[PDB]
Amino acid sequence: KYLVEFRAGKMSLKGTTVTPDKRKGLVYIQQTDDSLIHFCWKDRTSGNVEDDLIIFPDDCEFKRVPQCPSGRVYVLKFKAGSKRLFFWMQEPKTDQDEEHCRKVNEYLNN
């Protein structure tokens, strides 16, 4: 089962433009039986897992992108390299956004 899951959409880079993907999605973290930790994004409608990244401790930090007026954009930032993956919370209430973010960091880095 999942260590962490929450509703969120993803974004993609088209050309040089970061573009929110409109699809309803699920971000989740799962530990597989080889003990590796997978940070995933699943399309809720199709159930297809489109992103599945193996993440080791200290590879990444998940954080709010403050200057987005929604206040619901988060970035998974790879501390080594420029790599960023952007997500946007789709939970109906914002109340748990910061707790979801906190959980991502805990399960990736501890």
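Counting begins at 1, following the sequence as shown.
- For the two regions 42 to 50 and 75 to 83, the entry's Cα B-factors average higher over 75 to 83.
- Higher mean CA B-factor, judged across 64 to 72 and 22 to 30 from the recorded values: 64 to 72.
- Ranked by C-alpha B-factor against the other modelled residues of its chain, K10 falls in the middle third.
- In the deposited entry, the Cα temperature factor of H100 sits in the bottom third of values across the chain's modelled residues.
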